[PDB]
Amino acid sequence: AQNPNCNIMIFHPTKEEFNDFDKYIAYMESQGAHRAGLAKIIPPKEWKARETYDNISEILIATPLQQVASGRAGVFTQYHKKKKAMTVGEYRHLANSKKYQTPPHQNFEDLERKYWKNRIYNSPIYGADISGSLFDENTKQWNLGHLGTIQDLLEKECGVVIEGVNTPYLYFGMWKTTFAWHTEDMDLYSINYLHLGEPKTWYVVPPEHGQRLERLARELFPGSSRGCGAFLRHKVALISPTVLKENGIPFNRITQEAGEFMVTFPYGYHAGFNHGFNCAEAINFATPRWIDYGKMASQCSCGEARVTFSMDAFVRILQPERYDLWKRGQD
Ligand SMILES: [NH3+]NC(=O)c1ccc(-c2nn[nH]n2)cc1
Ligand SMILES: [Cl-]
Ligand code: NA
Ligand code: NI
Ligand SMILES: [Zn+2]
């Protein structure tokens, strides 16, 4: 069995290997990459996303979100407070202000230590889920706006057309902006390209061990758990690497830098934080190997989670017994 310890693998495709997206995902899996839940892909030197980032300041962040924590430094939830709209140029200036700028630090480990010590005492602002793309239309390899759609994948695997579309999203981050522990909607894959700026640190639990993380989360957030049997679907809970280690939870960590892709695999729980001002682009995708994960994915039906109408067809077709109750939770 490949990659039996479930390490995060890093790949360096050649320009030729970068042509066929789907083929390379399958190749990574043949090497056991999926066992970790996350892989890093470093593009060949010949490749570029777009020519420059000099002209992005006028993009609008219509609803920046302030991420306010409660709890303890290693075990906390966060809620998103809506702020007034601002441009990417305005948000960059805010990220670099004394209030929000990254502190002086020696290396990525020293910054990580500072993050876990101090995150809860600050409330960073970030831009999330902004439909759009920064890949140039002429970039033919690994352009996140031009991957096979999930709806076409289900049609090719299972036989029936469904409604829905599948387009990328942009994210603008600053120091301490935080992504809570989660798997993707319907346990899909995701891919994330860090276009510009400071790094993003990721934590990931192997898919084979995801129920260990779920168990711990129920223990650590007991009121949440009573409320919803899939509360990690709400994407609000943080548990530090120290606490995971204390509890014996298998996990790994890695830092993504500008110009690198990260792929998350079906049912790979992940969380992390941004080092400073940055811009990333991400989208969910499927392969044939996803279909069984999608059939088995937990669902939140308590109301809290709420998602793109595109998830409706996936539930309806893959999970007909659960559909009516899930649909009640979407209202
Ligand atoms: N599936 N979405 C993610 O894994 C994800 C979600 C949000 C963020 C984020 N970056 N700064 N705050 N949150 C980063 C990644
Ligand atoms: Cl700090
Ligand atoms: Na490890
Ligand atoms: Ni994710
Ligand atoms: Zn719920």
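Residues numbered from 1 in each chain as written, not as in the entry; some residues may be left out. Chains lettered and ligands numbered in written order. Heavy atoms only, no water.

- The deposited coordinates for this entry were obtained by X-ray crystallography, with a reported resolution of 1.2790 Å.

1. Side note on the pairing of strand β8 (residues 169-173)
Then step 1. With 3 bridges connecting them, strand β7 (residues 125-131) and β8 associate as antiparallel partners. Opposite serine 131, over in β8, you have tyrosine 169 as the bridge partner.
Then step 2. Bridging between β8 and strand β16 (residues 278-285) involves 5 bridges; their strand directions are antiparallel. Bridge assignment links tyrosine 169 to a residue of β16, and that residue is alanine 282. (Pairing = 2+ DSSP bridges. Helix = DSSP H or I, 4+ residues; strand = E, 2+ residues; numbered from the N terminus.)

2. Examining the UniProt feature "domain: JmjC" in the chain
Then step 1. Mapped onto the present numbering, the UniProt feature "domain: JmjC" falls at residues 136-302.
Then step 2. Between the end C-alpha atoms of residues 136-302 the distance is 40 Å, and the span holds 23% helix and 31% strand. (UniProt positions renumbered as here; feature names shortened; annotations may be inferred.)

3. A closer look at empty space enclosed by the protein
Then step 1. This structure, assessed with the given rule, holds 1 cavity of 30 Å³ or more.
Then step 2. For the largest cavity, the calculated volume is near 30 Å³.
Then step 3. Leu154, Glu155, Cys158, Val160, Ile162 and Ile317 together form the lining of the largest cavity.
Then step 4. If one sorts the elements of the lining of the largest cavity by residue count, helix α4 (residues 150-158) sits on top with 3 residues.
Then step 5. Tallied by class, the residues present in the lining of the largest cavity amount to 5 nonpolar, no polar and 1 charged. (1 Å grid on protein atoms, 1.4 Å probe; cavity = no way out; pocket = protein on both sides within 12 Å on 5 of 7 lines; lining within 4 Å. Points joined across faces, edges and corners; volume = space filled by probe spheres on them. Nonpolar A, V, L, I, M, F, W, Y, C, P; charged D, E, K, R; others polar.)

4. So, the layout of surface pockets
Then step 1. Estimated volume of the second largest pocket: approximately 460 Å³.
Then step 2. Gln211, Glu214, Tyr267, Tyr269 and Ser298 are, among the 24 residues lining the second largest pocket, the residues nearest its centre.
Then step 3. Broken down by secondary-structure element, the contributors of at least two residues to the lining of the second largest pocket are α5 (210-220) and α8 (290-296).
Then step 4. Element by element, the count of residues in the lining of the second largest pocket is highest for α5, at 5 residues.
Then step 5. Residue classes in the lining of the second largest pocket are distributed as 11 nonpolar, 8 polar and 5 charged.

5. Things to note about the site of ligand 1
Then step 1. Around ligand 1 lies a shell formed by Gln67, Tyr126, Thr177, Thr178, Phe179, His182, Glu184, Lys200, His270 and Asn274.
Then step 2. Within the backbone of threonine 178, one N or O atom sits 3.3 Å away from a nitrogen atom of ligand 1.
Then step 3. Here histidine 270 contributes a side-chain N or O atom positioned 3.1 Å from an oxygen atom of ligand 1.
Then step 4. Relative to its unbound accessible area of 360 Å², ligand 1 is 84% covered by the protein chains.
Then step 5. Taken together, the elements giving at least two residues each to the shell around ligand 1 come down to β9 (178-182) and β15 (269-274).
Then step 6. By residue number, the principal contributor to the shell around ligand 1 is β9, which donates 3 residues. (Near = heavy atom within 4 Å. Polar contact = N/O pair within 3.5 Å; in protein donor to acceptor, adjacent residues only side chain to side chain. Areas by Shrake-Rupley, 256 points an atom, 1.4 Å probe, with all protein chains shown as cover.)

6. Remarks on the pairing of strand β4 (residues 65-72)
Then step 1. Two elements, β4 and strand β5 (residues 75-82), share 8 bridges in a ladder whose sense is antiparallel. Considered in β5, the bridge of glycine 71 is made with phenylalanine 76.
Then step 2. Hairpin connection from β4 to β5: 2 residues lie between these consecutive antiparallel strands.
Then step 3. The pairing of β4 with β7 spans 2 bridges and is antiparallel. In the sheet register, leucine 65 faces β7, and the bridge partner there is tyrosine 126.

7. With respect to the nonpolar core
Then step 1. Membership of the largest hydrophobic core comes to 59 residues, with the highest contact counts inside it found for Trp142, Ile191, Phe261 and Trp290.
Then step 2. Per-element tally for this core: the top contributor is helix α9 (residues 310-318), with 5 residues. (Core = buried A, V, L, I, M, F, W, Y, C linked by side-chain atoms within 4.5 Å. Buried < 20%, exposed > 50% of the residue type's maximum accessible area, 1.4 Å probe, protein only.)

8. Considerations on the coordination of the nickel ion (ligand 4)
Then step 1. Every protein donor of the nickel ion (ligand 4) is listed here as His182 (NE2), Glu184 (OE) and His270 (NE2), and their distances to the metal cover 2.1 Å.
Then step 2. Around the nickel ion (ligand 4) sit 6 donor atoms; with metal-centred angles ranging over 28 to 175°, the donor geometry is irregular.
Then step 3. Each donor residue of the nickel ion (ligand 4) belongs to the same chain, with the gaps between them written as H-x1-E-x85-H. Placement of the pair is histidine 182 in strand β9 and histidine 270 in strand β15, with a sequence separation of 88 residues. Judged on exposure class, the residue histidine 182 and its partner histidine 270 are both buried. (Donors = N, O, S within 2.8 Å, 3.2 Å for Na, K, Ca; no water. Tetrahedral: all angles 85-135°; square planar, octahedral: opposite > 155°, others 65-115°.)

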